[PDB]
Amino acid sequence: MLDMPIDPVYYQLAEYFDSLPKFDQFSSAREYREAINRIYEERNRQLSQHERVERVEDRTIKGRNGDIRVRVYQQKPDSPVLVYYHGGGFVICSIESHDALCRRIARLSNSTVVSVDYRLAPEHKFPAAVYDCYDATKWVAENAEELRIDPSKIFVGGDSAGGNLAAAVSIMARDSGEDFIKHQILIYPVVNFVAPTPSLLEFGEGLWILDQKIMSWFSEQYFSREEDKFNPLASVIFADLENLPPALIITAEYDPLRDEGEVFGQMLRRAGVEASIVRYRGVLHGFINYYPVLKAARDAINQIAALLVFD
């Protein structure tokens, strides 16, 4: 139990969550990563069977940091695109662990999704991932014809650390005077590594998926220096927000990062950026990947897909 009115699916998933490998059960992030990604990826292999996509292509592109692999899920050519950045605290997860999710988005929308295989920490410290995501996004904008995507409909989005990366990318594009991003989709993002919030304290302990201990561990792996936490490409909540793309922010009710995400949405509104802040009740951080058994996740996904389909 956490606060009380939690979707009954979580109580049914008690064994599952408790059986997952914990970060502090290994001596290094690498070993932890290998153990947890193995589980996530196998599950995705099962789910993808039910998310058919006309074509899924793995391409290697040139980022300032070197090679960057991206996976292009294209259900239909000459369609809108969502450049996506997977979650995982900047340390774990991969294209394969969010494969089912991206397939479903591309399939439902009859469009395109480009999932970025960005450099992970601690191997590559902040801001390596931010630059990989920005480089891949710009590459999508610059290769519109080759990829067969609509250059006038390019969206960016991600979940958790991925939502943070989508926000950072949007800022980096704005700072560079680039205007190709038409929408940013932040799924329960982390946008602050310096200040506390009531939700951070309230759910700092006691919930599955995320607690204060692993959050501190993630930032320790991500940043090479403490003060990097205040960088505007990290704690995006302190960046200049003028002219940023219109945003759809999806938050989870039982999540330490909840208030942060909502405050970031209110700050964007003040700065004159249009934004929607949607809090899903009864769910925890990371809920979107559980769409096969959680309706709230299927509806959250429908919101992302609707953006690529509707005008």
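The first residue of the sequence shown is number 1, and the count goes up from there.
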Taking only the CA atoms, which stretch has the higher mean B-factor in the record, 21-29 or 286-294?
21-29
Mean C-alpha B-factor higher for 221-229, or for 108-116?
221-229
Out of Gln266, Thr251, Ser276, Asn44, which one has a C-alpha B factor higher than all the others in the entry?
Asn44
Can you pull the Cα B-factors for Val156, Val72, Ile171, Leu210 from the entry and say which is highest?
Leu210
Lowest, middle or highest third: where is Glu145 by C-alpha B factor in its chain?
highest
Comparing against every modelled residue in the chain, figure out the third that the C-alpha B-factor of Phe203 lands in (lowest, middle or highest).
highest
Would you mind checking where the Cα B-factor of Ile36 ranks among the modelled residues of its chain, as the lowest, middle or highest third?
highest
Looking at the entry's B-factor column for C-alpha atoms only, identify whether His50 ranks in the lowest, middle or highest third of its chain.
highest
Within this chain, which third does the Cα B-factor at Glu178 fall in: lowest, middle or highest?
highest
